[PDB]
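Peer 1: experimental structure and its sequence below.
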Amino acid sequence: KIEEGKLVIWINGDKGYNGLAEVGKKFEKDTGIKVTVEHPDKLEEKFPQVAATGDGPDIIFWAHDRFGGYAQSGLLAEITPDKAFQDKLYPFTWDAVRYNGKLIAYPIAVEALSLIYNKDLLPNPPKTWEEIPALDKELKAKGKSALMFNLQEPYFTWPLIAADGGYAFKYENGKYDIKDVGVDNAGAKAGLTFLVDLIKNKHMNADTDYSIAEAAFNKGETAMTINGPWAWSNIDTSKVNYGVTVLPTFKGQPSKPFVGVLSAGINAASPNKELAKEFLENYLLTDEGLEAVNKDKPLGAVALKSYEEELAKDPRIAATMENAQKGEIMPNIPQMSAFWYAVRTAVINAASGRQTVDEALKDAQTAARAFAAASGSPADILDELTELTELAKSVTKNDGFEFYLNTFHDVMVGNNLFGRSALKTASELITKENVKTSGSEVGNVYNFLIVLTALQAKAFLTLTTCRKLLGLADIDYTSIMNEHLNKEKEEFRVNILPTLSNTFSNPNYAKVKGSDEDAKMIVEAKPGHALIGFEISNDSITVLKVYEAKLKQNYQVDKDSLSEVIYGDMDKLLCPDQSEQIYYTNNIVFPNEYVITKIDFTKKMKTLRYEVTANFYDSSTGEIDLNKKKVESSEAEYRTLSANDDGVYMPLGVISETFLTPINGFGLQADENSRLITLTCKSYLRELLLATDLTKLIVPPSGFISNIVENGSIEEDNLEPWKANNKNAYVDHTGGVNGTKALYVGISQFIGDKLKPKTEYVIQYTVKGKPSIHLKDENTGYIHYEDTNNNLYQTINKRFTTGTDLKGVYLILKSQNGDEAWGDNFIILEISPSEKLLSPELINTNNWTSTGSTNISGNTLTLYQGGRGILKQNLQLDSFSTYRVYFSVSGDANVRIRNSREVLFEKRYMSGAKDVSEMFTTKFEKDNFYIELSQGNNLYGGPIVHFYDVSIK
């Protein structure tokens, strides 16, 4: 229940509250806004008590170290000072008031411990710490001590300890790493050891409190003391002429005192956030405002650059600022509470002799880190429970995770089921639910065994760590786990693996319309490589991924040589449009030492054949012979698929074993009723598994390897070829797509030499907003692909070709007519070349043979009336191929294409037949085939017959 139109300020009583009230009176007399400055006791503890319920002051004045804990609970409002105002204050003071990249308070003053000395007895103060023990003896004879400061609090003894490299929490990238504590390093040891040695040599007293130290110095009983600007007011009254200088250096390095920044935060529950902003930015953080506070009680150094230059004329303020820059900014995280207790107890124990410096700091680093799981049993048990919950989510994407847990338990207690082992009954369930899944039975069941043993390994690992956490006696569960493991391997190898099938097919289908034109597609591996995996996916474009790689011993894939080649126009074959398509179907299977390296698809005259090449593979050397080949094809058995204007259901999904392995079988099946086209292959996984039981298997990648765009997905480290253009291009907006990073707008990346001239590519990107994506040559201006102004994340997928202009091609993401745009997961893919079906002419003029009266005049073939003419030309045909005879005929003629035994085509035209186009096919017989032009009858010698434009391709 806060009021509006009024400002209420809470500032500590040690501050100049009367001066801040005078600035408030100036604020009210210029704006009408009442400013009430209150100085409550326990102000650091009372603010979170009242602010948690929504009440409290509008502005809170305290050191920045406690404002992180306030921002933790969302008690401070995010201030929004413009860039012009931010430059009026020192940049290091803005970092003290920054929490998780958010500004939470305005910095007012800067304070830090400094060396205070008595000029009457010490004209020049000692520059280094090591001089103090020597100089102490020379003044002890005169009845005085050298140095006396507060030893009970660690805030005072820390600059000496942190001199040689001590630190509370490692500061990196604006974040305090709670797992890195620097109290037990060599630097902190040397620091505290010197402090203890000063006490052992009776140069300092381990019981000196704040009161004892201040009294000794202000009455000239000691030469030096360490204190802050707050202590100046009390020595001013004593008139003991004092100077404030830099702190002594230790081991050549300067003392590092903690730096406190007096900050003014705005209550996140205050309804006067605009009123508070005006008071702080325009009235308090000014030369007149800070001076008014300074006149009441000194502020020391100030964050305002303007007024600090005026204050630096005082050597005391210049010294506090000098010491502050040498020291380290106080961490504002709440874990400092453990740090303070750790160092406070360590210095006390080390001074009193209860512990040595090595012992005090070792447990101090344990206590400082205590808010994070200590390395060992506590840290591991948390990592093991998290890794186990990930394994749970791995097998709950609809069996279930509890199925694995039940099966795992049944193996441990030796609970056999249905007479066979529990692994067998679990395996039979795998082959009864994974029937429409990528991979074969060998792959799917072996994958089940991998997860089962991975859970088995974690269960035994969790047990071991749980016993260490409980202080229980060590037990080595390695042999009892290995015993269970070998029993599981033996069961799968002898009882489960042989009865499993090694055939895998496509898991899904997609209703798709292709083309009716002839087409060729040759999937071939590089010399020495083998085809190892396939994936068909159709999102507006049909893309075929083929995986090849070198082979190692026993059908293992060479991870170093794994390549991914992209083939386009997969839908253009396997699918007709408005017409029929004949699919020749023969399951090809090679012997047990040959690996498929080449699949040759041939679409000719609405017929689809394939010819598979398999080279010989050696199980002792990784060599695949380039000359010991075997070639089989879809020979003669054909299925016919009617026109059906609504498509043909192309095969979709991952045609691969669950682990990338070579294949020795391939076949296409087409159902004449359901129009389902099914690709099926046989895998080498069982031969691999039977030969090696030593996860060196490779899983078929989900995304596209060989992606031309580097860093395409922007979810990696700042390593990126993307270049921002020196504008508001926003390197890495974290919180983009799905939660991950995304490009905000612009950004450009050079691809350039990775492109090929006059080659077809596929671009894909998930963008939102109004993006202007261009793939243009920044030298000639040639645009290879453009995505101009388009409406509101969607994954656009288009296919394009480049031309002759590549030595400057960039992928540029910018916006249209000044708007914003987000783009993620850019993909550019090369489409390996396909080749045009070469159907040559098989009829030549000089290859005709005559019987009877005939005549050959150009394109006209004439069978004379009286002469019983028969023309015959031999045809050079292949074993399993589709051809087409074309001609026009006028007389009563009979065309027939025949061999000594087989006939491919025969028809009698007892009338004019213009533009005849008949297809014929060969079945394993290719030699001694000929076309025979003759008359339909031979009565009276036959009628006159003219053949026009005879052609066979």
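Peer 2: Arrived safely, thanks for sending. Numbers count the residues shown, from 1 in each chain.
Peer 1: show me what the longest helix seen in the chain is packed against.
Peer 2: Looking across the chain with DSSP state H, the single longest helix is helix 441-469. Contact analysis of helix 441-469 by 3 or more CB pairs under 8 Å, 6 or more residues apart in numbering; DSSP states H and E lists helix 377-394, helix 401-412, helix 422-430, helix 478-491, helix 685-691 as its packing neighbours. Heads up, the C-betas are built off the backbone N, CA and C, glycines and all.
Peer 1: distance between it and the chain's centre?
Peer 2: Put simply, helix 441-469 sits 26 Å off its chain's centre (CA atoms, centre = their mean, to the nearest Å).
Peer 1: tell me the buried residues in it?
Peer 2: 441-449, 451-456, 459, 461-462, 464-465, 468 (16 or more other CB atoms under 10 Å).
Peer 1: cool, and stretch 93-106?
Peer 2: Neighbour count says stretch 93-106 has 93, 94, 95, 96, 97, 98, 99, 103, 104, 105, 106 buried, by 16+ other CB under 10 Å.
Peer 1: next: stretch 717-724.
Peer 2: Buried residues in stretch 717-724, counted by 16+ other CB under 10 Å: 720, 722, 724.
Peer 1: where does the most far-flung residue of the chain relative to its centre fall, helix, sheet strand or coil?
Peer 2: Relative to the C-alpha centroid of the chain, counting by CA atoms, centre = their mean, residue 940 is the outermost residue, at 86.7 Å. Using DSSP: H, G, I helix; E, B strand; the rest coil, the structure places residue 940 in helix.
Peer 1: can you give me the helices in the stretch 101-250 of the chain?
Peer 2: 131-140, 154-161, 186-200, 210-218, 232-238 (DSSP state H, counting those that start in this stretch).
Peer 1: out of those, the one nearest residue 388 is which?
Peer 2: Residue 388 lies closest to helix 186-200 among the helices of the stretch 101-250 of the chain, at 38.0 Å (CB to CB).
Peer 1: count of neighbours near the closest residue to residue 58 other than its chain neighbours?
Peer 2: Leaving aside its chain neighbours, residue 58 sits nearest to residue 270 (4.3 Å; criterion: CB to CB, 6 or more residues apart in numbering). Residue 270 has 23 neighbouring residues, counting by other CB atoms under 10 Å.
Peer 1: quick one: residue 270 from residue 78, how far?
Peer 2: Applying CB to CB, to the nearest Å, the value for residue 270 to residue 78 is 13 Å.
Peer 1: need the overlap of contacts for these two.
Peer 2: When contacts are counted by CB atoms under 8 Å, 6 or more residues apart in numbering, residue 270 and residue 78 have no shared neighbour.
Peer 1: need the three-state assignment for residue 535.
Peer 2: strand.
Peer 1: can you pull out the strands in the stretch 801-950 of the chain?
Peer 2: 809-815, 821-830, 848-851, 854-857, 860-863, 870-875, 882-889, 893-898, 903-909, 913-921, 929-935, 945-952 (DSSP state E, counting those that start in this stretch).
Peer 1: for those strands, which one sits closest to residue 349?
Peer 2: Closest among these, once you apply CB to CB, is strand 821-830, at 54.8 Å.
Peer 1: what's the angle from that closest one to strand 809-815?
Peer 2: Orientation check (axes from the mean of the first three to the mean of the last three CA atoms, to 10 degrees): strand 821-830 against strand 809-815 gives 160 degrees.
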